[PDB]
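Residue-level structure breakdown
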Amino acid sequence: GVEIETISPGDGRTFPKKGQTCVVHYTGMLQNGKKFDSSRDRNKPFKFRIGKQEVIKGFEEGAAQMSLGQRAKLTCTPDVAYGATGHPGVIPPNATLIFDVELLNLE
């Protein structure tokens, strides 16, 4: 369950493939909650690769459904990242996560 709301500018064709180290300007948000993690804060925009399950499933599936320049908006379901477990101190159990995802990638 990945719902994509793309802010219009981009190219619409440069999709992430397998093993491509790609760069995302993410900005996390909790439903009826504040921020918890942001690549804008560290200004190190999280050079991660596709296909190793490094990122969560709500963020991995939102990456391949975007293209270069595009600015989508994730609505991550709880049961893909932390719905039953929950992270201690950051993400509670059964949380619907929100991400300001822009795909300005490499490779």
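What counts, and at which threshold
- Residues numbered from 1 in each chain as written, not as in the entry; some residues may be left out.
- Part of a larger assembly, values for the part shown.
- Heavy atoms only, no water.
- Salt bridge = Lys/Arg side-chain N within 4 Å of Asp/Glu carboxyl O.
- Buried < 20%, exposed > 50% of the residue type's maximum accessible area, 1.4 Å probe, protein only.
- Helix = DSSP H or I, 4+ residues; strand = E, 2+ residues; numbered from the N terminus.
- UniProt positions renumbered as here; feature names shortened; annotations may be inferred.
- Pairing = 2+ DSSP bridges.

This part is about the pattern of salt bridges. In this structure the tally under the stated criterion is 3 salt bridges. One salt bridge in this structure joins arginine 42 and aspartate 37, with 2.9 Å as the shortest N-O distance. A residue is classified by how much of its surface remains accessible, and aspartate 37, at 28% relative accessible area, is partly exposed. Across the pair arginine 71 and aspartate 100 runs a salt bridge whose closest N-O atoms are separated by 3.6 Å. Note that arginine 71 is positioned in strand 4 (residues 71–76) and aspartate 100 in strand 5 (residues 97–102), a separation of 29 residues in sequence. Relative accessible area serves as the criterion here: at 36%, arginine 71 is assigned to the partly exposed category.

In the UniProt entry, the feature "domain: PPIase FKBP-type" is given for residues 19–107. For residues 19–107, helix accounts for 18% and strand for 24%, while the C-alpha atoms at its two ends are 9 Å apart.

So, on to the pairing of strand 5. Two elements, strand 2 (residues 28–30) and strand 5, share 3 bridges in a ladder whose sense is antiparallel. Counted as the bridge partner of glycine 28 is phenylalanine 99 from strand 5. Pairing geometry for strand 4 and strand 5, over 6 bridges, is antiparallel. Bridge pairing in strand 5 places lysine 73 opposite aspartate 100.

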